[PDB]
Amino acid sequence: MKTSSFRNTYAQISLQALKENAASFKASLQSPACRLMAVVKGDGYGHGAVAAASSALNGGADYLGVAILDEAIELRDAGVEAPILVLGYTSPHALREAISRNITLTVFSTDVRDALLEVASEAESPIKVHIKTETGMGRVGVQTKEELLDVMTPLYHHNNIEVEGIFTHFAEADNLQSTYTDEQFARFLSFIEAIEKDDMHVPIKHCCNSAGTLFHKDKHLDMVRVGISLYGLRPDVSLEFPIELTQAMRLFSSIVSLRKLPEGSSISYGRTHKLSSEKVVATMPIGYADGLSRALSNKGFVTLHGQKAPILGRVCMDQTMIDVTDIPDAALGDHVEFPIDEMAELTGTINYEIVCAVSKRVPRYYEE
């Protein structure tokens, strides 16, 4: 993780916010036996995987979730010893590496099942797996009771494999007017009924993401998987948080040039903006190679001195211009802030993408 720079363009990350958000979530769970999994995929949703994991554990998280084995190995190499579940696919050729670093694996297909049966016969402590079930996200997971039984049963009865978990994922738990989450939950319980009729007991049943955790407490089961709201960001901006949470990331740049340009002057590539009068134009050392979306061209804004300054013309790779004509105290060197949810709204996306897109060129400053 880049954590220093000679350029005043940076993401400030509050570790205390992350810790307190984990504690707030832990306190909110249906039962004290329910585990809090902190989901730190995508390099901690752009905040930094190791920083987010460490903070979340300090706040009471019980498990970590990542998307791919690479991310789990990164955590282990940084000295994180907490349980880690790879939520997505892990291929047969990667299984020995995963088991050697004590990484819990998601399984939903026979190629991985069969490789695991051969590999498990050659390992020290039991291998831990969670089985993924399909209930309506239309993404990954076994699809029928028959397939679940076919995939899980040989793993369950292998003397060196523990089927620790079984889970599903919700497509719209943030839509509080929809029956779909209850329908998915019913299908999930239907899968579970099938394995329990075959006397297979799985100790961690789980289905909730941030939205499920916040708004579907009846579905907390044995573990919840909190991602976006661990970072104090809403699953959907139409929602209001029912627990106390703080946004952990704030994105800043600064003014490195401040100039008056005459009426008729065009700004940036393609001359897509022409000044309607004399304007004071500030240039910032940030652009789309820092992850500032080019779709904010001629439509986004930054804040400074309690006012909004609109972006003029096209966002460049490394530089972006703003109009500070109505902000008389704007000066060379001023730091400015980028609103994360508003950038998502203006470009037709979600805060998840905005924070992940902050590129490796932008240092993260952990201010605690």
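Start at 1 and count along the sequence shown; that's the residue number.
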query: Given 113 to 121 and 188 to 196, the range whose Cα B-factors average higher in the PDB entry; finding: 113 to 121
query: Between the two ranges 155 to 163 and 133 to 141, the one averaging a larger CA B factor in the entry; finding: 155 to 163
query: Residue, from 71, 290, 182, 236, that the PDB entry assigns the highest Cα B-factor; finding: 236
query: Out of 64, 343, 311, 33, highest CA B-factor residue; finding: 33
query: CA B-factor ranking of residue 39, expressed as a third of its chain; finding: lowest
query: Ranked against its chain, the third holding the CA B-factor of residue 365; finding: middle
query: Residue 354, C-alpha B-factor rank within chain (lowest, middle or highest third); finding: lowest
query: Within-chain third of residue 205 by Cα B-factor, per the entry; finding: lowest
query: Assigned third (lowest, middle, highest) for the C-alpha B factor of residue 3; finding: middle
